[PDB]
Amino acid sequence: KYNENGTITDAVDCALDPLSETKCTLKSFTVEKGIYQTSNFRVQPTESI
Amino acid sequence: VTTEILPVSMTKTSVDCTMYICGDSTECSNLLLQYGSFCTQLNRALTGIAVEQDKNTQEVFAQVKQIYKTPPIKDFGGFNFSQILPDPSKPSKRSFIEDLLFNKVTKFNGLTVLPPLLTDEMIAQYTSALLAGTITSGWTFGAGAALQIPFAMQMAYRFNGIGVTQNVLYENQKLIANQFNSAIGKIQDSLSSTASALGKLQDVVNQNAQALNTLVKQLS
Amino acid sequence: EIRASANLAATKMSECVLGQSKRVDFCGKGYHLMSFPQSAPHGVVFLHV
Amino acid sequence: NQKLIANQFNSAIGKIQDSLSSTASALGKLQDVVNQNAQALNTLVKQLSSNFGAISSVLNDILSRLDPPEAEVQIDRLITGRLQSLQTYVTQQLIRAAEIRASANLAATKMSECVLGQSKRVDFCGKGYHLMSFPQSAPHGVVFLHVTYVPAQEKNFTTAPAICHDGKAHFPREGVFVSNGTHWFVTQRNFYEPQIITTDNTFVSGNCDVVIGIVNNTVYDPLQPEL
Amino acid sequence: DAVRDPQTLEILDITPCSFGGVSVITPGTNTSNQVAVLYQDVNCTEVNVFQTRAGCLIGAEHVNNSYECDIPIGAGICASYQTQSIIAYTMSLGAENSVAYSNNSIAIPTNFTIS
Ligand SMILES: *[C@@H]1O[C@H](CO)[C@@H](O[C@@H]2O[C@H](CO)[C@@H](O)[C@H](O)[C@H]2NC(C)=O)[C@H](O)[C@H]1NC(C)=O
Ligand SMILES: *[C@@H]1O[C@H](CO)[C@@H](O[C@@H]2O[C@H](CO)[C@@H](O)[C@H](O)[C@H]2NC(C)=O)[C@H](O)[C@H]1NC(C)=O
Ligand SMILES: *[C@@H]1O[C@H](CO)[C@@H](O[C@@H]2O[C@H](CO)[C@@H](O)[C@H](O)[C@H]2NC(C)=O)[C@H](O)[C@H]1NC(C)=O
Ligand SMILES: *[C@@H]1O[C@H](CO)[C@@H](O[C@@H]2O[C@H](CO)[C@@H](O)[C@H](O)[C@H]2NC(C)=O)[C@H](O)[C@H]1NC(C)=O
Ligand SMILES: *[C@@H]1O[C@H](CO)[C@@H](O[C@@H]2O[C@H](CO)[C@@H](O)[C@H](O)[C@H]2NC(C)=O)[C@H](O)[C@H]1NC(C)=O
Ligand SMILES: *[C@@H]1O[C@H](CO)[C@@H](O)[C@H](O)[C@H]1NC(C)=O
Ligand SMILES: *[C@@H]1O[C@H](CO)[C@@H](O)[C@H](O)[C@H]1NC(C)=O
Ligand SMILES: *[C@@H]1O[C@H](CO)[C@@H](O)[C@H](O)[C@H]1NC(C)=O
Ligand SMILES: *[C@@H]1O[C@H](CO)[C@@H](O)[C@H](O)[C@H]1NC(C)=O
Ligand SMILES: *[C@@H]1O[C@H](CO)[C@@H](O)[C@H](O)[C@H]1NC(C)=O
Ligand SMILES: *[C@@H]1O[C@H](CO)[C@@H](O)[C@H](O)[C@H]1NC(C)=O
């Protein structure tokens, strides 16, 4: 978040928690009430065959 | 009695544009990002559709604030509604006719389907309420409170509403009730035997199925 | 298209089922008395009396 | 009840102001349109920063760095990508416009049938029995204040489809027959106002051997006391 | 779809690893920074856990009492923020109200309001 003088005054770490993910998805530091799709769950491989 | 069939909703599909284009591919994903928001807005557009699908259902069925139910004694002046009222013995309390309707109308590519907010059971409760309201309180429940009225009297108003003096109803009440009951039986005979009877809803399903089959085949 | 159909269906529910229609052939051919809704897969079925 | 009605009306209007001035979501339907258009434009502009496979999203940087035999290739990539963006934008605007047009058609319909007239279409002009409506303007839209009549209090009355006098079956010309437990009255359907059952309130058709649920009472004849 | 193992000639089906959309259910950040997460179309296996038809809902308490729908999840389930914490419940379709129907009783309004 860049303020009127170009100073970064805040920030969201998009991988910190699910709320931060919503904030990054919506490109905002405020999230309105509701349900938002932000990502995709995928089971990862554990070994190669 | 005539039957009018209208689509209300369509399958709430959802496509993961990233997975669809670049399924589990880092190298592809990095190239996909050069197309900016295209992937993102495609997901947004489909989401918008999925959302209005619940809006559509609510607008059609959720027009009553209270859930009305018929009395244990089904005395409607000779009018037999047992085939349109919910059947308590079923795992899903739907009417006989509704079951007929439901019995006529019928993956890993990032293509999924979301459930509706209102399940068939919820819809059945809404139609039950609207129907119970219609039968026991006429239109008063639509305007405000459900005000009980004898069914035969309700019909008297319905007749005045078409320019026929209400004495006609009472004098011919038995005939009218018999014609009504017969007409309902005719509806069942048609619906249970004519598959094309629900073509308007089946066509919607078919179009959506084709759209998805087309989308998947394009991957090849 | 579906939305337009849903809007029509909602209109009928409000004017045909909850009320009595004075609109010719809106609630089937003939002089409308009453109607009863029935649910269906992805839609609504009206029995117009 | 003119004074009561006027007071309820005036109160209801005050309630509208209290809601509108404090509930931002009250006008969500118009704000949403604005938001969708803003997003469509923001999306369109942001797309200019995309490379679409080009060495740079900036056209001047391609031209200042490559000679035509190579610059043209990089430019073609930007042109194709940006045209796809405009086509997407326009298609969305056309579809969205269709939705707005449909809404406008509905709004125009309501203006003509609800505001200029009186609606007989149930829940077309709000829940209740429509009386009148008043339009108000709003950013990119119209707001209708629908004034409706809604039954508030009710009582349980005993009823009958018809009344027997001398064997003749008497039916109401208007209203229904009611009973308070000792006396039968005839009254209008939407507002209890019991009247003495007379030959000027009812009409005769057929007889007591036909009507189901017909009850015994008397029908007053205003002429007999005059003769 | 399936392969024949090159060393042992048996046929193995290939089922792509479980995946699904992830949605965050939240009251506005003006009220609370607590969230619940819905894993769409998955079982509560690979991922205060409530299994619903729409997916695996984590962080929302399952409440037996129904209420008016607030933030919809799907398949009859809605979530809200109440006593505060995030809860999930089967949505109510409205209050139940029988009609005192009989063949000889009519309810007639005696008063009205203009709204
Ligand atoms: C309403 O109509 C149904 C038929 O659709 C009647 O149910 C039948 O009743 C007879 C006599 O008891 C039985 O032999 C049939 O097997 C029943 N059929 C079904 C499908 O249940 C019902 O009795 C009628 N109700 C009223 C009040 O008239
Ligand atoms: C109006 O038409 C109905 C039929 O639609 C007549 O009722 C039928 O009368 C015959 C005898 O002529 C009976 O066998 C049928 O069973 C009756 N049908 C029903 C449903 O009851 C009715 O009599 C006619 N009325 C007039 C005045 O002509
Ligand atoms: C119909 O209801 C209205 C209220 O909606 C009643 O009017 C109120 O009467 C009380 C006294 O009982 C006063 O204190 C209020 O100020 C009145 N309100 C208004 C707007 O005037 C009215 O009396 C009722 N009529 C009947 C027949 O019950
Ligand atoms: C039904 O309505 C009638 C008419 O208002 C009531 O009869 C009157 O009751 C008053 C006392 O409240 C007497 O002064 C009148 O002389 C009565 N009129 C007649 C014609 O008898 C009657 O009491 C009401 N019945 C019930 C059960 O409320
Ligand atoms: C309404 O009043 C009439 C009399 O005016 C009642 O008629 C009687 O009916 C019974 C049963 O058929 C006969 O045995 C009597 O002889 C009839 N009386 C007369 C004078 O003919 C009628 O039953 C009453 N109905 C109601 C609902 O009270
Ligand atoms: C920018 O700097 C001025 C001082 O020159 C200060 O008054 C103003 O508040 C600053 N703006 C922001 C957003 O910090
Ligand atoms: C009518 O009587 C029934 C049964 O006692 C009661 O439940 C209902 O509330 C009464 N309605 C009115 C308006 O008095
Ligand atoms: C009304 O219902 C009661 C109870 O079943 C019955 O005894 C009475 O005869 C019925 N009257 C009419 C007109 O149907
Ligand atoms: C939102 O936060 C502001 C403080 O910035 C507060 O005044 C307002 O009442 C809050 N609104 C709600 C609904 O909590
Ligand atoms: C999750 O897996 C169990 C078996 O361990 C099964 O019984 C249950 O029905 C599954 N639930 C869902 C939603 O698939
Ligand atoms: C609902 O009540 C039943 C008892 O009838 C209990 O077993 C169940 O755990 C309760 N569920 C919740 C979410 O409270």
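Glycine gets a Cβ as well: all are built from the backbone with ideal geometry, and neighbour counts include every protein chain shown. Every read-out reported here was derived from the displayed coordinates using simple, explicitly stated rules and does not represent laboratory data.
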Next item on the list: Could you list all residues from the range E:42-53 that are surrounded by fewer than 21 Cβ atoms within 10 Å (Cβ to Cβ) and either closer than 11 Å to E:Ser23 by Cβ or away from chain B (no Cβ under 14 Å) (or both)?
Entry: E:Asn43, E:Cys44, E:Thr45, E:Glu46, E:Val47, E:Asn48, E:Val49
Item checked: Filter result for the condition that a residue is of a type outside the set (D, E, K, R), within 24 Å of A:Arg42 (Cα to Cα) and in contact with a strand residue (DSSP E or B) (Cβ under 6 Å, 6 or more places away or on another chain), over B:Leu85, B:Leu114 -> B:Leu114
Check: Only one of (1) at the interface with another protein chain (Cβ under 7 Å from one of its Cβ atoms); (2) out of contact with any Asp or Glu (no Cβ under 6 Å at 6 or more places or on another chain) fails for B:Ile67. Which number is that?
Finding: (2)
Check: Out of all the residues in the range E:56-70, which are more than 19 Å from B:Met122 (Cα to Cα) and within 10 Å of another protein chain (Cβ to nearest Cβ)?
Finding: E:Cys56, E:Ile58, E:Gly59
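Kindly indicate which of A:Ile35, A:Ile49 is outside any loop (DSSP other than H, G, I, E, B), farther than 20 Å from B:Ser37 by Cα and more than 16 Å from ligand 2 (Cβ to nearest atom). Talk me through it step by step, then tell me what you get.
Working: A:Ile49 fails: outside any loop (DSSP other than H, G, I, E, B).
Within the list A:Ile35, A:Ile49, the selection yields A:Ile35.
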Margin query: Please go through the range D:53-80 and give me each residue that is among the hydroxyl-bearing types (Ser, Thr, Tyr) and closer than 21 Å to B:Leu31 by Cα, ordered by number.
Written below: D:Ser56, D:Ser57, D:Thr80
Notebook entry, point to check: What number of residues within the range E:87-114 satisfy the criterion of being crowded, with 19+ Cβ neighbours inside 10 Å and either within 14 Å of chain D (Cβ to nearest Cβ) or within 16 Å of ligand 9 (Cβ to nearest atom) (or both)?
Noted result: 8
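Quick check on this structure: which one of D:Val147, D:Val176, D:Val210 is within 16 Å of ligand 7 (Cβ to nearest atom) and among the hydrophobic types (A, V, I, L, M, F, W, C)?
Details: D:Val147 fails: within 16 Å of ligand 7 (Cβ to nearest atom); D:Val210 fails: within 16 Å of ligand 7 (Cβ to nearest atom).
Just a single option satisfies the conditions, and that option is D:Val176.
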Notebook entry, point to check: What tally of residues in the range B:152-173 results from selecting those that are surrounded by fewer than 21 Cβ atoms within 10 Å (Cβ to Cβ) and either in a helix (DSSP H, G or I) or in contact with a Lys or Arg (Cβ under 7 Å, 6 or more places away or on another chain) (or both)?
Noted result: 6
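Please pick out the residue among D:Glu99, D:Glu113 that is under 30 Å from E:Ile114 (Cα atoms), within 12 Å of another protein chain (Cβ to nearest Cβ) and part of a helix (DSSP H, G or I). Step through it out loud before you land on a result.
Details: D:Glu99 fails: under 30 Å from E:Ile114 (Cα atoms).
Going through D:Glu99, D:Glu113 in turn, just one is under 30 Å from E:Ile114 (Cα atoms), within 12 Å of another protein chain (Cβ to nearest Cβ) and part of a helix (DSSP H, G or I): D:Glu113.
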Margin query: Only one of D:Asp76, D:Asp67, D:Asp32 is more than 14 Å from every other protein chain (Cβ to nearest Cβ), surrounded by fewer than 13 Cβ atoms within 10 Å (Cβ to Cβ) and among the charged types (D, E, K, R). Can you tell me which?
Written below: D:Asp67
Margin query: With part of a strand (DSSP E or B), buried (at least 20 other Cβ atoms within 10 Å of the Cβ) and away from ligand 8 (no atom under 16 Å from the Cβ) as the only criterion, which of E:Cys56, E:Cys69 stands out?
Written below: E:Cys56
Notebook entry, point to check: How about the range B:85-121: which of its residues are surrounded by 15 or more Cβ atoms within 10 Å (Cβ to Cβ) and of a type in the set (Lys, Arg)?
Noted result: B:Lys93, B:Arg94, B:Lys104
Check: Taking the range B:47-68, which residues are under 17 Å from E:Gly76 (Cα atoms) and of a type in the set (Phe, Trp, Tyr)?
Finding: B:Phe61
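I'd like to verify a number: residues in the range B:105-115 that are in contact with a helix residue (DSSP H, G or I) (Cβ under 8 Å, 6 or more places away or on another chain) and either within 7 Å of another protein chain (Cβ to nearest Cβ) or part of a helix (DSSP H, G or I) (or both), how many?
Step one: of the range B:105-115, the residues in contact with a helix residue (DSSP H, G or I) (Cβ under 8 Å, 6 or more places away or on another chain) are B:105-106, B:109-111, B:114.
Next cut, either within 7 Å of another protein chain (Cβ to nearest Cβ) or part of a helix (DSSP H, G or I) (or both) only: B:105, B:114.
Qualifying residue count, the range B:105-115: 2.
When you scan the range B:187-199, do you find a residue that is among the β-branched types (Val, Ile, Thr), within 12 Å of another protein chain (Cβ to nearest Cβ) and touching a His at 6+ places or on another chain (Cβ under 8 Å), even just one? Talk me through it step by step, then tell me what you get.
Filtering the range B:187-199 for residues among the β-branched types (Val, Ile, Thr) gives B:187, B:194.
Cutting the leftovers down to within 12 Å of another protein chain (Cβ to nearest Cβ) gives us B:187.
Now drop any that are not touching a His at 6+ places or on another chain (Cβ under 8 Å), which leaves none.
No - not one qualifying residue is present in the range B:187-199.
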Checklist line | Lone unmet requirement of (1) surrounded by fewer than 10 Cβ atoms within 10 Å (Cβ to Cβ); (2) facing chain E (nearest Cβ under 9 Å); (3) among the aliphatic types (A, V, I, L, M) for A:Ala11 | finding: (2)
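Checking the condition in contact with a strand residue (DSSP E or B) (Cβ under 6 Å, 6 or more places away or on another chain) and either of a type outside the set (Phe, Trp, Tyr) or within 16 Å of ligand 8 (Cβ to nearest atom) (or both), which residue from E:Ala100, E:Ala95 passes?
Values: E:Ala100 fails: in contact with a strand residue (DSSP E or B) (Cβ under 6 Å, 6 or more places away or on another chain).
Only one candidate passes the filter, namely E:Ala95.
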Next item on the list: For the range B:200-215, name all the residues that are more than 13 Å from chain C (Cβ to nearest Cβ) and among the charged types (D, E, K, R).
Entry: none
Check: Any idea which of A:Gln37, A:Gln44 is crowded, with 16+ Cβ neighbours inside 10 Å and of a type outside the set (A, V, I, L, M)?
Finding: A:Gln37
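Quick check on my filter: what residues within the range D:1-14 are within 12 Å of another protein chain (Cβ to nearest Cβ) and either over 16 Å from D:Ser133 (Cβ atoms) or within 16 Å of ligand 10 (Cβ to nearest atom) (or both)?
Just the residues of the range D:1-14 that are within 12 Å of another protein chain (Cβ to nearest Cβ), to begin with: D:1-2, D:4-13.
D:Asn1, D:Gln2, D:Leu4, D:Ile5, D:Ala6, D:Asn7, D:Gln8, D:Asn10, D:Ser11, listed by residue number.
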Margin query: Which count do you get for residues in the range D:142-190 that are more than 7 Å from chain E (Cβ to nearest Cβ) and not in a strand (DSSP E or B)?
Written below: 14
Next item on the list: Inspect the range B:70-89 for any residue being within 12 Å of chain D (Cβ to nearest Cβ) and closer than 29 Å to C:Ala4 by Cα and give the result as yes or no.
Entry: no
Notebook entry, point to check: Does A:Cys14 satisfy being assigned to a loop (DSSP other than H, G, I, E, B) and either within 8 Å of the chain's Cα centre (by Cα) or within 16 Å of ligand 2 (Cβ to nearest atom) (or both)?
Noted result: yes
